[PDB]
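One chain follows as structure tokens, the form deposited in one PDB entry.
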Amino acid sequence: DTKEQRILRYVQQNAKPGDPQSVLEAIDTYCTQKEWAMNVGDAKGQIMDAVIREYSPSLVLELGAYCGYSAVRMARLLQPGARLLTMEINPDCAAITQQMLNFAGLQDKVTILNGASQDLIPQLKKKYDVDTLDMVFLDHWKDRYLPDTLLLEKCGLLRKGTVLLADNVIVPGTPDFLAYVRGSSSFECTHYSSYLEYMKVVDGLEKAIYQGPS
């Protein structure tokens, strides 16, 4: 029994099938109250929703799927015809993500790629019929943000206007990626300040009153 399985089960037992909003809400409740988990979460998710509504992307690539929270969040806003491709290195997570999408009724819009992004990115055009990407959600591991950006560029997957959206640029932080994109004439950057997901961290005091020795 893993934390990721407990999340899926919680969703299966509490969310309305075919209702992506109820799916997102069940995950957020479990991870707020029961177990912290690295889903993008609702505060940042609202920002993502606003950005997606702005750009109405037809083809989105996610780096890092986890339990499928952000894939559900994004795919529920996609127009008919539009596709999300999500890359996930951990097979247990790729399976959980698939079941989450199934439950939400979003499986037809989303394709899960099993593997490391750095290995999968060069396979995109040939194996998944991709010309250029309209949007990229970076949310896998901090050290890969900058090299995967350079790989997307090398492989011709970026066009003028492609929107990169990166999570966690402050915590855990992606200083190299930020420096690079902010300093590069190839990228126009905007920062959206928010809060790390699920940070009502429970702690307590113990009072222990000495009664004497035995």
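Rigid core: the largest C-alpha set superposing within 1.5 Å between the two forms. Quick note: we count residues from 1 along the sequence shown, nothing fancier. Residues that one form lacks are left out of the comparison.
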Quick check on the record: does 15 to 23 or 190 to 198 carry the larger mean Cα temperature factor? 15 to 23
Out of 103 to 111 and 69 to 77, which one has CA B-factors that are higher on average in the deposited record? 103 to 111
Which of 31, 163, 178, 150 ranks first by CA B-factor in the deposited coordinates: 31
If you compare 167, 35, 54, 62, which has the highest Cα B-factor in the entry? 35
Would you please rank residue 136 by its C-alpha temperature factor against the other modelled residues of its chain and give the third it falls in: lowest, middle or highest? lowest
What third of its chain's C-alpha B-factors does residue 123 belong to: lowest, middle or highest? highest
Per the entry's values, where does residue 173 land by CA temperature factor relative to the rest of its chain, in the lowest, middle or highest third? lowest
What third of its chain's C-alpha B-factors does residue 41 belong to: lowest, middle or highest? middle
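One more form of this protein should be noted, the form deposited in another entry, which is absent from this view; the next part is about it.
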So, does residue 191 move by 2 Å or more at the CA between the shown form and the other one, with the core held fixed? no
Against the shown form, C-alpha atoms of residue 202 and residue 9 in the other entry: closer or farther, for a change of 3 Å or more? farther
Give the consecutive runs of 3+ residues, present in both forms, in which every C-alpha shifts by 2 Å or more between the shown form and the other one after rigid core superposition. 200 to 213
